[PDB]
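Student: Supplied in structure tokens, the structure appears directly below.
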Amino acid sequence: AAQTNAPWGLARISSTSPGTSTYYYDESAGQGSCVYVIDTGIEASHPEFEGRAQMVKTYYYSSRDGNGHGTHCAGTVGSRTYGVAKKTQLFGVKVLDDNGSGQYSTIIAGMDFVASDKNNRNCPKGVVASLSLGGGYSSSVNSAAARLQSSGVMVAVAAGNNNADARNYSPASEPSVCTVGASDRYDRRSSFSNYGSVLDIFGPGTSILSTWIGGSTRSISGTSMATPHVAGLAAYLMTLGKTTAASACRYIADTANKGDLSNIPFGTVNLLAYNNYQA
């Protein structure tokens with residue numbers, strides 16, 4: 001498959017090089033993997049999701065996404081048009097209020113929910129969780145992402161937008177999960193993107209076009225806009241049979257584009273996520 005005039009982020013992960021605008025991928029496209037977008041919730045009624053999104057959990061009065069940020073990230077995972085994995089199931093877990101804030105107490109519940117709730121969902125091919133969030137370091141949250149991981153759920157976490165080493169942030173600093181940095185379209189680490197030993201991959205994180213609340217579609221920056229590309233990409237790869245969930249990070253990292261990015265501090269990997277699809 002080959003979606004033309006695709007978002008640059010999508011077209012990048014199907015490319016060895018920057019500056020194309022076509023997203024090439026196997027038409028399996030993620031059929032039979034699930035992705036848990038743990039964020040502010042999804043507008044399941046966005047036509048872009050084609051009835052593949054639902055809200056399965058919320059720790060707040062509403063399942064409805066008042067922010068858009070979960071909807072955005074769910075779109076990049078699996079919207080028909082803006083998403084990596086065009087046929088994944090999507091599972092919204094609203095652990096963040098409509099101003100994007102969340103107690104860690106809540107978040108952790110959210111993570112532990114996924115590691116059980118995955119036993120209620122049909123994901124023969126495998127399960128992914130895109131943690132489109134983070135805060136300052138906390139072993140409680142770190143260990144939650146590790147448990148989630150352990151449980152057979154490929155975790156993509158954002159490295160954060162503080163332009164710091166991501167060891168000070170959770171669940172970015174958790175060793176056992178896939179920490180995602182953001183790249184921009186001319187193939188530079190994005191200005192805001194955290195870095196360090198603890199990163200595992202970069203993804204498209206700058207000016208990323210995807211779905212938004214109210215049927216609309218906007219372009220916003222962030223490493224938590226990169227996370228879903230990778231999550232999407234894991235769901236793509238699990239469906240192709242190229243890896244399990246517990247090895248997906250190491251698979252993705254081995255298959256990436258080496259030494260592309262500029263403005264990558266010393267000590268951080270120079271890996272940009274790649275779908276390796278030969279068309």
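Going by the structure tokens order, chains are called A, B, ..., each with residues numbered from 1, while ligands are numbered from 1 in the order shown.
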Among segment 3-128 of chain A, which ones does DSSP assign to alpha helix (DSSP H) (computed from the backbone)? Answer as number ranges by chain.
Tutor: A: 8-13, 69-78, 104-117
Student: Any chance you can output those residues with C-alpha atoms as a compact mmCIF listing (two decimals), in the first residue's frame?
Tutor:
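As written to disk, part-v6.txt reads:
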```
# COMPACT_ATOMS: atom_id res chain seq x y z
CA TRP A 8 5.36 13.85 6.70
CA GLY A 9 5.71 11.70 9.81
CA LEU A 10 4.04 8.73 8.16
CA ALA A 11 5.91 9.18 4.95
CA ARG A 12 9.18 9.32 6.95
CA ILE A 13 8.75 6.02 8.68
CA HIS A 69 -4.54 15.14 22.65
CA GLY A 70 -5.59 11.50 23.08
CA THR A 71 -7.62 11.73 19.95
CA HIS A 72 -4.64 13.13 18.19
CA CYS A 73 -2.35 10.44 19.33
CA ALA A 74 -4.93 7.71 18.58
CA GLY A 75 -5.17 9.14 15.12
CA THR A 76 -1.44 8.83 14.57
CA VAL A 77 -1.55 5.30 15.79
CA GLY A 78 -4.43 4.21 13.67
CA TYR A 104 0.29 9.56 39.13
CA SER A 105 -1.95 7.48 41.37
CA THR A 106 -4.41 7.50 38.48
CA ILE A 107 -1.87 6.91 35.72
CA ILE A 108 -0.51 3.83 37.40
CA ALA A 109 -4.03 2.42 37.73
CA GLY A 110 -4.41 3.11 34.02
CA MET A 111 -1.27 1.07 33.30
CA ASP A 112 -2.30 -1.82 35.51
CA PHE A 113 -5.74 -1.72 33.86
CA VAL A 114 -4.22 -2.31 30.46
CA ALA A 115 -2.19 -5.27 31.61
CA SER A 116 -5.48 -6.98 32.60
CA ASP A 117 -7.88 -5.48 30.15
```
Student: Could you list, as a PyMOL selection string, every residue within 7 Å of segment 202-218 of chain A, counting only C-alpha atoms and ignoring same-chain residues fewer than 3 positions away?
Tutor: chain A and resi 7+9+43+46+65+68+71-72+75-76+82+180-184+190+221-223+225-227+229-230+271-273
Student: Step one, run DSSP on the backbone; step two, keep only residues of segment 14-49 of chain A assigned to strand (DSSP E or B); then write them as a VMD selection string.
Tutor: chain A and resid 22 to 24 33 to 39
Student: So, with only C-alpha atoms as the atoms that count, which of A:96, A:36, A:84, A:219 lies closest to residue 64 of chain A?
Tutor: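 Of all the options, A:96 lies closest to residue 64 of chain A.
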Student: Which is closest to residue 198 of chain A among A:179, A:5, A:170, A:263, if we use only C-alpha atoms?
Tutor: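 Closest to residue 198 of chain A, using only C-alpha atoms: A:179.
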Student: Of the candidates A:257, A:40, A:79, A:138, which one gets nearest to residue 17 of chain A if we count only C-alpha atoms?
Tutor: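 Distance minimum relative to residue 17 of chain A lands on A:257.
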Student: Quick one, how far is atom CA of residue 197 of chain A from atom CA of residue 253 of chain A?
Tutor: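 So the answer is 13.5 Å.
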Student: Tell me which of A:169, A:277, A:251, A:24 sits closest to residue 142 of chain A, counting only C-alpha atoms.
Tutor: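 Counting only C-alpha atoms, the residue closest to residue 142 of chain A is A:169.
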Student: Using only C-alpha atoms, which protein or nucleic acid residues come within 10 Å of residue 278 of chain A? Drop anything in the same chain fewer than 5 positions from it, and give the result as a VMD selection string.
Tutor: chain A and resid 14 to 15 24 to 26
Student: Those same residues, written as a PDB file, in the first residue's frame with C-alpha atoms?
Tutor:
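Output file part24.pdb follows:
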```
ATOM      1  CA  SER A  14       8.284   4.321   5.394  1.00  0.00           C
ATOM      2  CA  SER A  15      11.481   6.096   4.018  1.00  0.00           C
ATOM      3  CA  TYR A  24       4.356   2.908   2.021  1.00  0.00           C
ATOM      4  CA  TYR A  25       3.228  -0.033   4.089  1.00  0.00           C
ATOM      5  CA  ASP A  26       1.838  -3.572   3.953  1.00  0.00           C
TER       6      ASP A  26
END
```
Student: List as a PyMOL selection string the protein and nucleic acid residues near residue 177 of chain A, meaning an atom at most 12 Å away when only C-alpha atoms are counted, but skip any in the same chain fewer than 5 places from it.
Tutor: chain A and resi 128-131+142-159+170-172+198-201+227+230-231+245-250
Student: Those residues with C-alpha atoms, as a PDB file, in the first residue's frame please?
Tutor:
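Everything below was put into result_35.pdb:
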```pdb
ATOM      1  CA  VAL A 128       0.679  -2.042  22.362  1.00  0.00           C
ATOM      2  CA  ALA A 129       0.270   0.854  24.708  1.00  0.00           C
ATOM      3  CA  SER A 130       1.212   4.386  23.706  1.00  0.00           C
ATOM      4  CA  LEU A 131       1.853   6.358  26.864  1.00  0.00           C
ATOM      5  CA  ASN A 142       8.325   3.551  36.251  1.00  0.00           C
ATOM      6  CA  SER A 143       7.643   0.237  37.770  1.00  0.00           C
ATOM      7  CA  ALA A 144       4.078   0.396  36.418  1.00  0.00           C
ATOM      8  CA  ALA A 145       5.354   0.748  32.881  1.00  0.00           C
ATOM      9  CA  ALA A 146       7.774  -2.090  33.525  1.00  0.00           C
ATOM     10  CA  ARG A 147       4.945  -4.344  34.824  1.00  0.00           C
ATOM     11  CA  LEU A 148       2.865  -3.391  31.841  1.00  0.00           C
ATOM     12  CA  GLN A 149       5.774  -4.212  29.616  1.00  0.00           C
ATOM     13  CA  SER A 150       6.591  -7.528  31.362  1.00  0.00           C
ATOM     14  CA  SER A 151       2.961  -8.520  30.876  1.00  0.00           C
ATOM     15  CA  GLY A 152       3.418  -8.733  27.029  1.00  0.00           C
ATOM     16  CA  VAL A 153       2.415  -5.245  26.008  1.00  0.00           C
ATOM     17  CA  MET A 154       4.869  -3.209  23.997  1.00  0.00           C
ATOM     18  CA  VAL A 155       5.076   0.141  25.776  1.00  0.00           C
ATOM     19  CA  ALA A 156       6.023   3.256  23.902  1.00  0.00           C
ATOM     20  CA  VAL A 157       6.663   6.174  26.202  1.00  0.00           C
ATOM     21  CA  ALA A 158       7.531   9.718  25.272  1.00  0.00           C
ATOM     22  CA  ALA A 159      10.876  10.996  26.325  1.00  0.00           C
ATOM     23  CA  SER A 170       8.931   8.890  34.062  1.00  0.00           C
ATOM     24  CA  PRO A 171       8.052   6.607  32.614  1.00  0.00           C
ATOM     25  CA  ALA A 172      10.739   7.654  30.112  1.00  0.00           C
ATOM     26  CA  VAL A 198      17.601   5.976  28.122  1.00  0.00           C
ATOM     27  CA  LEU A 199      16.090   6.845  24.695  1.00  0.00           C
ATOM     28  CA  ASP A 200      15.590   3.973  22.334  1.00  0.00           C
ATOM     29  CA  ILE A 201      14.308   5.485  19.099  1.00  0.00           C
ATOM     30  CA  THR A 227       5.361   7.872  20.707  1.00  0.00           C
ATOM     31  CA  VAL A 230       6.307   3.987  17.165  1.00  0.00           C
ATOM     32  CA  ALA A 231       3.348   2.390  18.909  1.00  0.00           C
ATOM     33  CA  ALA A 245       5.629  -7.320  22.020  1.00  0.00           C
ATOM     34  CA  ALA A 246       8.474  -7.977  24.505  1.00  0.00           C
ATOM     35  CA  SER A 247      11.088  -7.689  21.718  1.00  0.00           C
ATOM     36  CA  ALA A 248       9.400  -5.053  19.574  1.00  0.00           C
ATOM     37  CA  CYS A 249      11.545  -2.233  20.859  1.00  0.00           C
ATOM     38  CA  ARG A 250      14.717  -4.151  20.082  1.00  0.00           C
TER      39      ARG A 250
END
```
Student: With distances taken over only C-alpha atoms, which residue among A:252, A:2, A:279, A:38 lies nearest residue 238 of chain A?
Tutor: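 Checking each of A:252, A:2, A:279, A:38 against residue 238 of chain A, counting only C-alpha atoms, the winner is A:252.
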Student: Determine, counting only C-alpha atoms, which protein, DNA and RNA residues have an atom within 7 Å of an atom of residue 160 of chain A; residues of the same chain fewer than 2 positions away are not included. Present the result as an NGL selection string.
Tutor: :A and (134 or 158 or 162 or 166 or 193-194 or 223)
